[PDB]
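Q: Opening with a subset of the complex:
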Amino acid sequence: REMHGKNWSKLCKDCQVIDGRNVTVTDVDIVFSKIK
């Protein structure tokens, strides 16, 4: 298995994450941006 996550694990590739319990985003022009 190229990517293998077991008990409560977290994995990502080519990823943009804002993982978190309380997340607030305010008065932003662009939050995520991925260009390819």
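A: Great, that's in hand. Numbering: from 1, shown residues only, chains lettered A, B, ... in the order given.
Q: gap between residue A:1 and residue A:17?
A: Distance of residue A:1 to residue A:17, given as Cβ to Cβ, to the nearest Å: 21 Å. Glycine gets a C-beta too; all of them are placed from N, C-alpha and C.
Q: which of these two has more neighbours?
A: Taking other Cβ atoms under 10 Å, residue A:1 and residue A:17 do not tie; residue A:17 has more neighbours (8 against 4).
Q: Would you mind measuring from that one to residue A:11?
A: From residue A:17 to residue A:11 the distance is 11 Å (Cβ to Cβ).
Q: Quick check, central residue of chain A?
A: Centroid-nearest residue in chain A, with Cα atoms, centre = their mean: residue A:17, separated by 1.8 Å.
Q: how long is stretch A:3-13 from one end to the other?
A: 9 Å (Cα to Cα, to the nearest Å).
Q: now stretch A:12-31
A: Across stretch A:12-31, first to last residue, Cα to Cα, it's 18 Å.
Q: Can you give the contact residues for it?
A: Residues outside stretch A:12-31 that contact it (Cβ atoms under 8 Å, 6 or more residues apart in numbering) are A:3, A:10, A:32, A:34.
Q: here's chain B, add it to the model above:
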Amino acid sequence: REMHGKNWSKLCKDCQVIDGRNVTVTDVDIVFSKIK
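A: Below, chain B sits with the chains from the block before:
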């Protein structure tokens, strides 16, 4: 298996995530943007 997640695991690729218990997004122009 290329991607294999087991008990309560989280996996992503080419991903944009705002994982979180309380999520608030306010007064934004563009939140997610992926161009290819």
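Q: since we added chain B, can you redo the contacts of stretch A:12-31?
A: A:3, A:10, A:32, A:34, B:11-33 (Cβ atoms under 8 Å, 6 or more residues apart in numbering or on different chains).
Q: That one: how far from the chain's middle?
A: 7 Å (Cα atoms, centre = their mean, to the nearest Å).
Q: next one: stretch A:6-17
A: 8 Å.
Q: Repeat that for stretch A:2-20.
A: The answer for stretch A:2-20 is 8 Å, by Cα atoms, centre = their mean.
Q: do the same with stretch A:29-36
A: 13 Å.
Q: ends of that stretch, how far apart?
A: Per Cα to Cα, stretch A:29-36 runs 20 Å from first to last residue.
Q: Could you list the buried residues of it?
A: Counting neighbours by 16 or more other Cβ atoms under 10 Å in any protein chain shown, one finds that the buried residues in stretch A:29-36 are A:31-32.
Q: re earlier: filter the contacts of stretch A:12-31 down to the buried ones and hand me the PyMOL line.
A: This is the PyMOL syntax for the buried subset of these, where burial follows 16+ other Cβ under 10 Å:
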select buried, (chain A and resi 3+10+32) or (chain B and resi 11+12+15+16+17+18)
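Q: Chain C follows; place it on the structure:
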Amino acid sequence: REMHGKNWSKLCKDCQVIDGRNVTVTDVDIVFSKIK
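A: Chain C now in position relative to the chains above:
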């Protein structure tokens, strides 16, 4: 299996996610945008 998720797992590819218990989105121009 290319993608295989077992007990309460979450997996995505080429994905845009706002996973979360309470999600509020207010006064936004564009939330998700994927162009290909």
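Q: Chain C added, so what about the buried residues of stretch A:29-36 now?
A: A:31-32, A:34.
Q: Tell me the bridge partners for the residue nearest to the centre of chain A.
A: Under DSSP bridges, the beta-bridge partners of residue A:17 are residue B:17.
Q: Excluding chain neighbours, what is closest to residue A:2?
A: Spatial nearest neighbour of residue A:2, excluding adjacent residues (Cβ to Cβ, 6 or more residues apart in numbering or on different chains): residue B:2 at 4.9 Å.
Q: and if you look at residue A:33?
A: Using Cβ to Cβ, 6+ apart, the closest residue to residue A:33 is residue B:33 (4.9 Å).
Q: Kindly report the same for residue A:7.
A: That would be residue B:7: by Cβ to Cβ, 6+ apart, it lies 4.9 Å from residue A:7.
Q: Test my guess that the one you found contacts residue C:8.
A: Yes: at 6.8 Å, residue B:7 and residue C:8 qualify as touching, with contact defined as Cβ atoms under 8 Å.
Q: wait, does the strand or helix carrying residue A:24 make contact with chain C?
A: Under the criterion DSSP states H and E, the helix or strand holding residue A:24 is strand A:22-26. Yes: against chain C, strand A:22-26 shows contacts by Cβ under 8 Å from any Cβ of the partner chain at residue A:23.
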